[PDB]
Each structure stands twice: as C-alpha cells, then as structure tokens.
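One chain comes next, on its own, written out as structure tokens in the form deposited in one PDB entry.
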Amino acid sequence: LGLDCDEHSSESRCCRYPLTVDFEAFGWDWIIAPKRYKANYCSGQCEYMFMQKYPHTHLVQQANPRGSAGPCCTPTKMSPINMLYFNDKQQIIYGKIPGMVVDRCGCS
C-alpha cells in the first residue's frame, strides 16, 4: 500500500503524484482517443526499509556498496489504457496498451 500526494504535499518520501498526459497538447493527431489521460508519476526519498516490494533491496542497503546511491522511487503497480489510433499502414487500430498508468510507487 503506497502513498498518494498532491503537488503541495509536505511528504518527502516516495509517493505517487497526479499528472495528465495530453496527446492533443503534444500535437499527436495520430491518436484518435483518448485525447488525454491520467498517467501520474513517482517522486520521493527511499530511505532504509521504506516501501520495498523485494527483499533484495534492504539486503543491498545493509551490504552498503560504494557505487550505489541506494534504491529509488519507481512504479510498483501499472495499468493499461485502451487506445484508438492511426498506424503507419493506412489503418485505424484499437488496442489495450499495457504500462500506461502508474497506480502505485515504491522503492527498489
């Protein structure tokens, strides 16, 4: 169970923030739908033991290698979105596209 934060949050630890990706703003007319979607992002500190899915992470923290800046804050749960778009073969394609939305953030 991860943390969710608004932009004004005082939370420094690894957290999921809201963010809309706007294909229309990008100028991507090859995408028919959706024109924009809630993608979110991860940001925040990953101190000892915090929000770690894998047992690996804390073992490496204790082994304490010199060349490591420690774990960092990335997505731990992802979800797809459905898209309708033009391809480069003169067709309109419908697809469920995996790995488009961040649902949770954690440290590894």
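Residues that one form lacks are left out of the comparison. Don't overthink the numbering: it's just position in the shown sequence, from 1. We call the rigid core whatever largest set of C-alpha positions still superposes within 1.5 Å between the two forms.
- When the other compared entries with both flanking residues are checked, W30 is modelled in all of them, not unmodelled in a third.
- Notably, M49 is an intermittent gap: at least a third of the other compared entries of this protein, restricted to those modelling both its neighbours, have no coordinates for it.
- Relative to one another, 65-73 and 24-32 have unequal mean CA B-factors, and 65-73 is the one with the higher figure.
- Just going by the entry, 15-23 versus 87-95 on mean CA temperature factor gives the higher value to 87-95.
- Ranking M49, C42, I81, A39 by the C-alpha B-factor listed in the PDB entry places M49 at the top.
One more form of this protein exists, namely the form deposited in another entry; it is left out here, but the text below deals with it.
- Remark: with the core as the superposition reference, the CA shift of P55 between the shown form and the other one stays below 2 Å.
- Once the two forms are aligned on their core, only one segment of at least three consecutive shared residues with Cα displacements of 2 Å or more between the shown form and the other one appears, at 62-69.
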